[PDB]
């Protein structure tokens, strides 16, 4: 198991949450919302393959992305 595959999934799960937050705030346009729906299905598939819970991976992704954001 490539450790980068796990980190990539965790990051993608958190970035999905960020985008969902944009949608919740009614700031996503129609194509943005379609990417959001389609990517959710994609992440579900990836999580299944990896044996990783999406919510758990999202939290892990948050910690990874938080360290990028704090250095911005």
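Residue numbers count along the first chain shown, from 1.
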Exercise for review: Please place residue 18 in the lowest, middle or highest third of its chain by C-alpha B factor as given in the entry.
Suggested key: lowest
Review point. Among the modelled residues of its chain, does the C-alpha B-factor of residue 71 lie in the lowest, middle or highest third?
Key: middle
Check your understanding: If you rank every modelled residue in this chain by C-alpha B factor, which third holds residue 44: lowest, middle or highest?
Key -> highest
Point to revise | Entry-reported Cα temperature factor of residue 11, expressed as the chain third it lands in | key: middle
Check your understanding: What third of its chain, lowest, middle or highest, does the C-alpha temperature factor of residue 64 fall into?
Key -> lowest
